[PDB]
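Below is one structure, written out as structure tokens, with a few remarks after it.
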Amino acid sequence: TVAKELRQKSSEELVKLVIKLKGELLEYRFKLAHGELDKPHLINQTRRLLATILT
RNA sequence: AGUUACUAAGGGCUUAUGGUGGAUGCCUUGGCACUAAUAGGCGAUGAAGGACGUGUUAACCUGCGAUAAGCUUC
């Protein structure tokens, strides 16, 4: 699931993806602060996602 | 007038038990001293050592560094 990210617009689409991931990660963590986050597993994945893109 | 078993508040001796206490005996992911090979350094591309932080997981230990108990590639 990385060669499927090299092929994307490795110059510009990835920037939009990065900002979207940061936003939804922030909203995930905020949901975790209160209640109503019923899939606590999404945080570890989404951070794991950015680690590839920046790479 | 006289003789002498019983007393045991408590103690003593042996023998049996019970409690504390952790020596002797068996053992060990630990240490010690050595051999034979390898290698004899790290660092402005910012080290050694430290702080601080990071979790679906409280603290601590460990790993790791805002890509943060993990990322890419063979």
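By order in the structure tokens, chains are A, B, ...; within a chain, residues start at 1; ligands start at 1, following the order shown.
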Interface residues on chain A facing chain B, 10 Å, only C-alpha atoms (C1' of nucleotides), written as a tab-separated table (two decimals) with C-alpha atoms, in the first residue's frame:
chain	number	residue	atom	x	y	z
A	2	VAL	CA	2.94	2.27	-0.76
A	32	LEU	CA	-11.31	10.37	21.91
A	38	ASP	CA	-16.01	3.47	19.16
A	39	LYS	CA	-13.03	2.50	16.94
A	40	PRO	CA	-9.97	3.57	18.95
A	41	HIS	CA	-7.96	1.64	16.35
A	42	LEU	CA	-8.27	4.41	13.76
A	43	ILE	CA	-5.65	6.65	15.38
A	44	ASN	CA	-2.77	4.19	15.15
A	47	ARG	CA	-0.64	8.20	11.98
A	48	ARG	CA	0.79	5.09	10.34
A	49	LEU	CA	-0.59	6.47	7.09
A	50	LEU	CA	1.21	9.81	7.29
A	51	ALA	CA	4.48	8.08	8.08
A	52	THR	CA	4.48	6.68	4.56
A	53	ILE	CA	3.39	9.84	2.76
A	54	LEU	CA	6.02	12.09	4.30
A	55	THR	CA	8.51	9.30	3.59
Give the helix (DSSP H, G or I) residues of chain A, as DSSP finds them on the backbone, and put them as an mmCIF file with C-alpha atoms, in the first residue's frame.
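The result, stored in states.cif:
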data_model
loop_
_atom_site.group_PDB
_atom_site.id
_atom_site.type_symbol
_atom_site.label_atom_id
_atom_site.label_comp_id
_atom_site.auth_asym_id
_atom_site.auth_seq_id
_atom_site.Cartn_x
_atom_site.Cartn_y
_atom_site.Cartn_z
ATOM 1 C CA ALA A 3 3.444 1.633 -4.473
ATOM 2 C CA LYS A 4 -0.201 2.675 -4.620
ATOM 3 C CA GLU A 5 0.964 6.010 -3.173
ATOM 4 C CA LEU A 6 4.051 6.505 -5.328
ATOM 5 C CA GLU A 13 -2.077 15.488 -4.553
ATOM 6 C CA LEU A 14 -0.114 14.153 -1.589
ATOM 7 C CA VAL A 15 -0.101 17.627 -0.016
ATOM 8 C CA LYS A 16 -3.894 17.757 -0.051
ATOM 9 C CA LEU A 17 -3.950 14.241 1.346
ATOM 10 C CA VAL A 18 -1.580 15.288 4.136
ATOM 11 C CA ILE A 19 -3.725 18.221 5.206
ATOM 12 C CA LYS A 20 -6.854 16.049 5.131
ATOM 13 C CA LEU A 21 -5.161 13.402 7.277
ATOM 14 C CA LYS A 22 -3.991 15.992 9.788
ATOM 15 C CA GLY A 23 -7.492 17.423 10.073
ATOM 16 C CA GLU A 24 -9.262 14.117 10.521
ATOM 17 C CA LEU A 25 -6.591 12.909 12.949
ATOM 18 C CA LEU A 26 -7.180 16.014 15.040
ATOM 19 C CA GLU A 27 -10.928 15.411 15.035
ATOM 20 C CA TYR A 28 -10.309 11.756 15.916
ATOM 21 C CA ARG A 29 -8.241 12.689 18.949
ATOM 22 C CA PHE A 30 -10.858 15.217 20.044
ATOM 23 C CA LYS A 31 -13.552 12.556 19.760
ATOM 24 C CA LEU A 32 -11.307 10.367 21.914
ATOM 25 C CA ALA A 33 -11.137 13.077 24.571
ATOM 26 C CA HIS A 41 -7.961 1.636 16.349
ATOM 27 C CA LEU A 42 -8.270 4.412 13.760
ATOM 28 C CA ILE A 43 -5.647 6.654 15.382
ATOM 29 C CA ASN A 44 -2.775 4.190 15.147
ATOM 30 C CA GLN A 45 -3.632 3.554 11.504
ATOM 31 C CA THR A 46 -3.957 7.174 10.434
ATOM 32 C CA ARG A 47 -0.639 8.201 11.982
ATOM 33 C CA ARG A 48 0.793 5.091 10.341
ATOM 34 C CA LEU A 49 -0.592 6.466 7.090
ATOM 35 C CA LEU A 50 1.210 9.812 7.290
ATOM 36 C CA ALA A 51 4.484 8.085 8.084
ATOM 37 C CA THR A 52 4.481 6.683 4.558
ATOM 38 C CA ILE A 53 3.386 9.845 2.760
ATOM 39 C CA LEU A 54 6.020 12.085 4.298
#
Report task. Enter the distance from CA of residue 36 in chain A to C1' of residue 58 in chain B, in Å, rounded to one decimal. Result -> 21.4 Å
**Report entry** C1' of residue 66 in chain B to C1' of residue 44 in chain B, straight-line distance in Å
**Finding:** 24.2 Å
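Across the model, the gap from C1' of residue 63 in chain B to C1' of residue 51 in chain B is 17.7 Å.
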